[PDB]
Visitor: 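I'd like to ask you about the structure that follows.
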Amino acid sequence: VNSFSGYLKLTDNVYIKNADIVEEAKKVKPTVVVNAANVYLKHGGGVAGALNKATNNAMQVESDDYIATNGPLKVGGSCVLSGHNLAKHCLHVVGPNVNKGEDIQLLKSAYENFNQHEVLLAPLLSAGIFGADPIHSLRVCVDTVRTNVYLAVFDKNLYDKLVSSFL
Ligand SMILES: Cc1nc(C(=O)N[C@@H](CC(=O)O)c2ccc(Br)cc2)c2cc[nH]c2n1
């Protein structure tokens, strides 16, 4: 039993809710919140910009130190950093950005990072400003993640389409 409330169960291990991931994180304080990161951990917009704003820029400060030490992530890769006031940990995961020409096949590799964590709150990788089809992102998630994932979908119209079209 966990504290996530109001989610629709899609499969044995995947759940979904029309919600703002920032407000969901602040309420639940999950062990892991997933960020829709880029390889530079520049959290300027989308989910990343919103999550970073909620930490009063502390996420960006920590991220800049991480990059100065380690260099950029790989597309499809991840790193674990602090969750600040939102969660114990933040798993920064880099899905492919279609608006940069990146291979959509890397979306499966991106979701594989979730399997290193028993329970996560997450957005649909490569959705929103990353330019991929959210229906596809959801299919890859369900077919790749085996741990317990709670998906927060900001847009109500998109959430209804994702539910109504789910096989
Ligand atoms: C769960 C959650 N999702 C986002 C978000 O940016 N969602 C994108 C998708 C994406 O970026 O993955 C989207 C927004 C509108 C339309 Br129409 C289509 C896609 C934010 C932003 C602040 N809080 C958030 N909480």
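What's counted below: heavy atoms across the whole structure, side chains too, no hydrogens, waters or symmetry copies. Along the sequence shown, the residues carry numbers beginning at 1. Just follow the structure's listing: the first ligand is 1, and inside any ligand the first atom is 1.
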Visitor: Compare all side-chain heavy atoms of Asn2 with those of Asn148 and state whether any distance is below 4.5 angstrom.
Guide: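 Side-chain contact under 4.5 Å: no.
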Visitor: Suppose we measure from atom 13 (C) of ligand 1 to each protein heavy atom; which comes out shortest, and what is that distance?
Guide: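 Here the closest protein heavy atom is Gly128 CA, 3.6 Å.
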Visitor: Please confirm whether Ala127 comes within less than 3.5 Å of ligand 1 when only nitrogen or oxygen atoms on both sides are compared.
Guide: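 Among all N and O atoms of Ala127, at least one is under 3.5 Å from an N or O of ligand 1.
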Visitor: Side chain, backbone, both or neither: which part of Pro123 comes within less than 4.0 Å of ligand 1 when only heavy atoms are counted?
Guide: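 Answer for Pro123: neither.
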Visitor: Heavy-atom contacts with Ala19 under 4.0 Å: which atoms of ligand 1 show up? List them by number with element.
Guide: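 Atoms satisfying the 4.0 Å criterion: 1 (C).
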Visitor: Is any side-chain heavy atom of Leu107 closer than 4.5 Å to one of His136?
Guide: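 With C-beta onward as the side chain, the pair touches.
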Visitor: Is there side-chain contact between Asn35 and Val47, with at least one heavy-atom pair below 4.5 Å?
Guide: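 When only atoms from C-beta onward are counted, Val47 and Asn35 do touch, with a gap below 4.5 Å.
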Visitor: Which residue and atom name correspond to the protein heavy atom nearest atom 15 (C) of ligand 1, and how close is it?
Guide: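 So the nearest neighbour among protein heavy atoms is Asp155 CB, 4.1 Å.
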Visitor: Count the heavy atoms of every other residue, nucleotide or ligand shown that sit under 6.0 Å from NZ of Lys17, and state whether that count exceeds 12.
Guide: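 More than 12 within 6.0 Å, yes.
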Visitor: Could you tell me if the side chain of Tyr15 sits less than 4.5 Å from the side chain of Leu121, heavy atoms only?
Guide: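 Side-chain contact under 4.5 Å: no.
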Visitor: Side chain to side chain contact (heavy atoms under 4.5 Å, CB included) with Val98: which residues, sequence neighbours excluded?
Guide: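 Once residues adjacent in sequence are excluded, the partners of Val98 under the side chain to side chain contact (heavy atoms under 4.5 Å, CB included) criterion are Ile104, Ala132.
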Visitor: Ligand 1 and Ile21, any nitrogen or oxygen pair closer than 3.5 angstrom?
Guide: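 It does: an N or O of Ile21 is found under 3.5 Å from an N or O of ligand 1.
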Visitor: Is a side-chain N or O of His89 found less than 3.5 angstrom from the main chain of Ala87, in a donor-acceptor match?
Guide: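 No, because the side chain of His89 does not come within donor-acceptor range (under 3.5 Å) of the backbone of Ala87.
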Visitor: Where is the nearest protein heavy atom to atom 23 (N) of ligand 1: which residue, which atom, and how far?
Guide: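 Here the nearest protein heavy atom works out to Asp20 OD1, 2.8 Å.
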Visitor: Which residue owns the protein heavy atom closest to atom 22 (C) of ligand 1, what's the atom, and how far is it?
Guide: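 Protein heavy atom with the smallest distance to atom 22 (C) of ligand 1: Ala50 CB, 3.3 Å.
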Visitor: Specify side chain, backbone, both or neither for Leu124, according to which of its non-hydrogen atoms lie closer than 4.0 Å to ligand 1.
Guide: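 The answer is the backbone of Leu124.
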Visitor: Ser126: heavy atom below 4.0 Å from ligand 1, yes or no?
Guide: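 Not so, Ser126 does not reach ligand 1.
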Visitor: Suppose I only count heavy atoms of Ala152 and a 4.0 Å limit; which atoms of ligand 1 are within that range?
Guide: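 Result: 1 (C).
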Visitor: Do me a favour and list the nearest non-hydrogen protein atom to atom 14 (C) of ligand 1 with residue, atom name and distance?
Guide: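 For atom 14 (C) of ligand 1, the nearest protein heavy atom comes out as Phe154 CD2, 4.4 Å.
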Visitor: State whether the side chain of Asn85 and the backbone N or O of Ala54 hold a donor-acceptor pair below 3.5 Å, judged by distance alone.
Guide: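 At least one qualifying donor-acceptor pair exists.
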Visitor: Can you tell if the side chain of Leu125 reaches within under 4.5 Å of the side chain of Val140, non-hydrogen atoms only?
Guide: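 The answer is no, as the side chains (C-beta and beyond) never meet within the 4.5 Å cut-off.
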Visitor: Give me the nearest non-hydrogen protein atom to atom 4 (C) of ligand 1 as residue plus atom name, then the distance to 0.1 Å.
Guide: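 Result for atom 4 (C) of ligand 1: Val47 CG2, 3.2 Å.
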